[PDB]
Amino acid sequence: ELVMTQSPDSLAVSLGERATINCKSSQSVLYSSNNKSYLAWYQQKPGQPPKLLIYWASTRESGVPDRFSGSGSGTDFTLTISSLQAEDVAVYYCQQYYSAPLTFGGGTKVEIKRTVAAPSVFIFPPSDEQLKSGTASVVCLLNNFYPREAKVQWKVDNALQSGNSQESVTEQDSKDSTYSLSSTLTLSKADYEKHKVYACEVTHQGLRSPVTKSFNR
Amino acid sequence: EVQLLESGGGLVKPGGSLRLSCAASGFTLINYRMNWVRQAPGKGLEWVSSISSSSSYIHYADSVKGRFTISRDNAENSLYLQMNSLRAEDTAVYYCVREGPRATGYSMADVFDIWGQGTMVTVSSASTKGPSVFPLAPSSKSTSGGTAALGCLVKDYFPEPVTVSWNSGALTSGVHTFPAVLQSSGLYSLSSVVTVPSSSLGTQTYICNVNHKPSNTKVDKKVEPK
């Protein structure tokens, strides 16, 4: 079974700069006669099927912008995107279609390198609809920041919380290259009413110092 | 115009079975070798099975052998995967895919050049649970400068996926729908937010459309200001 090994696992490149990804197969995929290498590259964007970019190592699919190009032969290949665009952020997969079973590399994640950007912070108290059923979710939103890493800390009545929250981060935005983050504090209606001041404290390299959004109830 | 419309999938118990199907439009199945490829939540791509035009040459990945039957109906321009004796490890998104035109019967292969939207398959002992959809009301505390944030909390559902649209597809700009997170209950929760002009809050109606196929939950929550 051919094993496809991509490198690096992850790559971050400034807009318009050059992104190169590597594919190394355990055996040669160069077919004597036709002398073609049976290797392809695919692009996968969050929540979509892979899209074909390159076949036979170096031929662009119909409609694929010429900034995309593949090189190599036999065992070593590279995909290069000469000038990276915001919308080129995706996971890139090489695949050998030389011998069965057909196999894929583990994928390389291509992100953009932007300048640091501060998050907009919003807080949402629980709905009446949800309180009517004994649960209280408080949602904190960090909108359009960079880099990805941000620290969200909930303080109920100044009491630093833990074990009662989940967060989630979007994939890099395909226009402004930022991230957004959603953190949810969950309490039983009971615990929610035994306190007044709900607070979200955000820490992030775009902020001169931690920022706090809160409310009372 | 040239595409593969997939149906089937969903929740199934271990040991249970499920049938996927794919309909091609914009081209004729007869000419191409057809495959199924799967991708498990968070991981890479795994070829599952292939079927030559005449059904004379059929192959399966090792992990699947004995349990999966691929079949093809050129007249109906359709492709099928019958999955039996399903296991936790078969949980994934399944895509039907067309192999490029240089692929014939038992020849050298071609590239996977056309992919369906994919169908999620979840093999689990747990019964399905539909989400509760709660509003995230825009307020002075979800407002910055001229723009306000509103959204929906889609809470406690199983399994994935849940789809969220805003105003029946009309509203797409500013929309951030977050990846589900697993709670302690072992259920999923997910939230979708949009940012819109504060000015419009009083006049523009904002609705999120939540669909959870597995539990037959179609919810349309209207989100109200202050």
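Just so it is clear: chains get the letters A, B, ... in the order the sequence lines come, proteins before strands, and each one is counted from 1.
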Ring centers of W115(B), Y42(A) separated by less than 6.0 Å: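 Centroid separation for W115(B) and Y42(A): below 6.0 Å.
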Heavy atoms of other groups near [X] [atom1], more than 12 under 6.0 Å:
{"X": "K45(A)", "atom1": "NZ", "value": "yes"}
{"X": "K151(A)", "atom1": "NZ", "value": "yes"}
{"X": "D9(A)", "atom1": "CG", "value": "no"}

Checking [X] against chain A: side chain, backbone, both or neither under 4.5 Å from a heavy atom?
{"X": "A61(B)", "result": "neither"}
{"X": "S184(B)", "result": "backbone"}
{"X": "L182(B)", "result": "backbone"}
{"X": "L153(B)", "result": "side chain"}
{"X": "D110(B)", "result": "both"}

Residues in residues 93-109 of chain B near chain A [non-hydrogen atoms, under 4.5 Å]: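 Residues in range: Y95(B), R102(B), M108(B), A109(B).
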Residue-level interface, residues 190-201 of chain B with chain A, non-hydrogen cut-off under 4.5 Å: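 When heavy atoms of chain A are the reference, residues 190-201 of chain B contributes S191(B), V193(B), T195(B) within the under-4.5 Å range.
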Exercise: identify the closest heavy-atom pair between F112(B) and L102(A):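 What the structure gives for the nearest pair is CZ-CD1, 3.8 Å.
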Spatial distance of atom [atom1] ([X]) from atom [atom2] ([Y]) [nearest 0.5 Å]:
{"X": "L131(A)", "Y": "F134(B)", "atom1": "CG", "atom2": "CZ", "result": "9.0 Å"}
{"X": "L52(A)", "Y": "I114(B)", "atom1": "CG", "atom2": "CD1", "result": "10.0 Å"}
{"X": "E167(A)", "Y": "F178(B)", "atom1": "CD", "atom2": "CZ", "result": "10.5 Å"}

Of the backbone (N, CA, C, O) and the side chain (C-beta and beyond), which part of [X] lies under 4.5 Å from a heavy atom of chain B, both, or neither?
{"X": "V91(A)", "result": "neither"}
{"X": "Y55(A)", "result": "both"}
{"X": "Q48(A)", "result": "backbone"}
{"X": "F122(A)", "result": "both"}

Most heavy-atom pairs under 4.5 angstrom with chain B, which of [options]?
{"options": "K213(A), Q95(A), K51(A)", "result": "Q95(A)"}
{"options": "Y31(A), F215(A), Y97(A)", "result": "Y97(A)"}
{"options": "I123(A), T103(A), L39(A)", "result": "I123(A)"}
{"options": "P46(A), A40(A), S137(A), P50(A)", "result": "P50(A)"}

Most contacts with chain A, counted as non-hydrogen pairs under 4.5 angstrom, among [options]:
{"options": "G118(B), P179(B), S50(B)", "answer": "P179(B)"}
{"options": "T147(B), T143(B), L150(B), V111(B)", "answer": "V111(B)"}
{"options": "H59(B), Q39(B), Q183(B), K43(B)", "answer": "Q39(B)"}
{"options": "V37(B), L45(B), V181(B)", "answer": "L45(B)"}

Pair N144(A)-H176(B), side-chain donor/acceptor within less than 3.5 Å: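 Looking only at side-chain atoms, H176(B) and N144(A) do form a donor-acceptor pair, the distance falling under 3.5 Å.
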Sidechain-backbone polar pair: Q117(B) side chain, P49(A) backbone, donor-acceptor under 3.5 Å: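 No, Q117(B) side chain to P49(A) backbone: no donor-acceptor pair under 3.5 Å.
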Expected output: side-chain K141(B) to main-chain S214(A) donor-acceptor under 3.5 Å: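 Here the side-chain-to-backbone pair exists.
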